[PDB]
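Reviewing the structure listed below.
Since every read-out is calculated from the coordinates, none of them should be taken as a lab result. For neighbour counting, all protein chains shown are included, and Cβ atoms are generated from backbone atoms with ideal geometry for every residue, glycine included.
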Amino acid sequence: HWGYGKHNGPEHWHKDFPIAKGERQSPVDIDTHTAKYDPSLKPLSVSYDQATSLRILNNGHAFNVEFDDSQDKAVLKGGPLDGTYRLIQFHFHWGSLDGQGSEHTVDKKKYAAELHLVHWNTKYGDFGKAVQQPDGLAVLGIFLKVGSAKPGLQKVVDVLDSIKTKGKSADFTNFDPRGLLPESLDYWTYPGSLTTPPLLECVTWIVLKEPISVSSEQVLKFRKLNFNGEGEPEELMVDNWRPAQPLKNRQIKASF
Ligand SMILES: COc1ccc(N2C[C@H](O)c3cc(S(N)(=O)=O)sc3S2(=O)=O)cc1
Ligand SMILES: [Hg+2]
Ligand SMILES: [Zn+2]
C-alpha cells in the first residue's frame, strides 16, 4: 500500500488515487516573483490559546499530534478563509538530510521540514463531511530551517521514543501549539490538495512566509522514527514528502 519508497512512493500514487494527476494538486513551487500581491486578503486569525492536545501517534507515514476538535478550541479564521476552521492535528514532513524535507518550495528552495496544521471548515459539521468539499480544509504550512532550537518543539521531540514504530501512541495533553508559530503571519495562499493519499482537492493552503528554526539535534530525533511496525524490519522514517506538482492555471496570492 502507499508509502514513500521506490516501489510505492509518489510516482506510483496515481494508480490507486487517479486524482494525483488532477488540476489542483499540492505541494507546488511558490515562485515569489509571479505571486500576485492581493490587497483584499484580510490578516490571519490564529486562536490557539484554548487548544487541547490529546495524543501523539506514529501512523506509518508521520507522527500526528491530535487535538480535541469537539468545540471551537483552536481555530483559524481570516486570511483567504470564509468561516471558522478548527484544528484537528498537526504533523511534519522531513528529509534524510537538512537540504530537503519540505513539500512546498519557495523559488525552488527546499527546507529541512514542513509543519502542517490541519483545520476543517466548521460549517460542514465534522471532518468527514469537510473532506467532501472544495473549501473543506485549510492547512497552515510552516517551513522549518536548521539553526537554533525552537523551545516549544522540544516536548514533541522528547516523546518520540515512546512512539518509535507504526501504530504506537502516547498521551500528549497540555501541549500548546502557539510555540511553533513564527513571529510574522505574512503568507501565500492558493487552492490545493492533501499531499498524501487520498490527495483530495479539499484544501486552501496558507503557507507562511517566515520559517521557524530548529536545531539539528531536534530534527535528528525526527529521523529515528520508523515507518515499520515493531517486529518488522526497520525502515527509518525519512523523506516522507511529495515533490511539487504543476500549478496548472492557479495563481498564488501573497498577503504582502
Ligand atoms: C477518510 O477521511 C480522511 C481524509 C483525509 C485524512 N488525512 C490524512 C492524510 O494523511 C493527510 C495529509 C495531509 S497534508 N500533508 O497536510 O496535506 S492532511 C491529511 S488528513 O488528516 O486530512 C484522514 C482521513
Ligand atoms: Hg474536496
Ligand atoms: Zn502534511
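Is the stretch 168-183 home to any residue that is closer than 26 Å to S255 by Cα, touching a residue at least 12 places away in the same chain (Cβ under 8 Å), outside any helix (DSSP H, G or I) and within 16 Å of ligand 2 (Cβ to nearest atom)?
No, the stretch 168-183 contains no residue that is closer than 26 Å to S255 by Cα, touching a residue at least 12 places away in the same chain (Cβ under 8 Å), outside any helix (DSSP H, G or I) and within 16 Å of ligand 2 (Cβ to nearest atom).
Of everything in the stretch 80-104, what is small (G, A, S) and either surrounded by 24 or more Cβ atoms within 10 Å (Cβ to Cβ) or closer than 23 Å to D69 by Cβ (or both)? Give them in sequence order. I'd like the intermediate steps shown before the answer.
Within the stretch 80-104, the first condition is being small (G, A, S), and the residues that meet it are 83, 95-96, 99, 101-102.
Of everything in the stretch 80-104, those that are small (G, A, S) and either surrounded by 24 or more Cβ atoms within 10 Å (Cβ to Cβ) or closer than 23 Å to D69 by Cβ (or both) turn out to be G83, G101, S102.
Across the stretch 103-153, which residue is farthest from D239 (Cα to Cα) among those that are within 16 Å of ligand 3 (Cβ to nearest atom) and assigned to a loop (DSSP other than H, G, I, E, B)?
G136
What are the pairs, 6+ residues apart or on separate chains, where a residue within the stretch 202-214 that is within 28 Å of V131 (Cβ to Cβ) and more than 16 Å from ligand 2 (Cβ to nearest atom) has its Cβ under 9 Å from a residue that is among the small types (G, A, S) and part of a strand (DSSP E or B)?
Taking only residues 6 or more apart or on different chains, the pairs are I206/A138; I206/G141; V207/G141; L208/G141; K209/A254.
Only one residue in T189, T204 is assigned to a strand (DSSP E or B) and either of a type in the set (K, R) or touching a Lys or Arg at 6+ places or on another chain (Cβ under 7 Å) (or both). Which one? Write out each step before concluding.
Details: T204 fails: either of a type in the set (K, R) or touching a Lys or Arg at 6+ places or on another chain (Cβ under 7 Å) (or both).
It is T189.
Considering only the stretch 77-134, state which residues are charged (D, E, K, R), within 16 Å of ligand 1 (Cβ to nearest atom) and touching a strand residue (DSSP E or B) at 6+ places or on another chain (Cβ under 6 Å). Give the derivation first.
Quick first cut of the stretch 77-134, residues charged (D, E, K, R) only: 77, 82, 86, 98, 103, 107-110, 114, 123, 126, 129.
Imposing the further condition that a residue be within 16 Å of ligand 1 (Cβ to nearest atom) reduces the set to 86, 103, 110, 114, 126, 129.
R86, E103, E114 - these are the residues of the stretch 77-134 that are charged (D, E, K, R), within 16 Å of ligand 1 (Cβ to nearest atom) and touching a strand residue (DSSP E or B) at 6+ places or on another chain (Cβ under 6 Å).
Can you name the number of the only condition in (1) at positive phi; (2) acidic (D, E); (3) without any contact (Cβ under 8 Å) to a residue 40 or more places away in the chain that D126 fails?
Unmet for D126, out of (1) at positive phi; (2) acidic (D, E); (3) without any contact (Cβ under 8 Å) to a residue 40 or more places away in the chain: (1).
Here are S162, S148, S216, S169: which of them is under 27 Å from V75 (Cβ atoms) and small (G, A, S)? Don't jump to the end; show me each part of the working.
Numbers: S162 fails: under 27 Å from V75 (Cβ atoms); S148 fails: under 27 Å from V75 (Cβ atoms); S216 fails: under 27 Å from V75 (Cβ atoms).
Going through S162, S148, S216, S169 in turn, the sole match is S169.
Tell me yes or no: at least one residue of the stretch 81-90 is within 16 Å of ligand 2 (Cβ to nearest atom) and not in a loop (DSSP other than H, G, I, E, B).
Checked the stretch 81-90: at least one residue is within 16 Å of ligand 2 (Cβ to nearest atom) and not in a loop (DSSP other than H, G, I, E, B).
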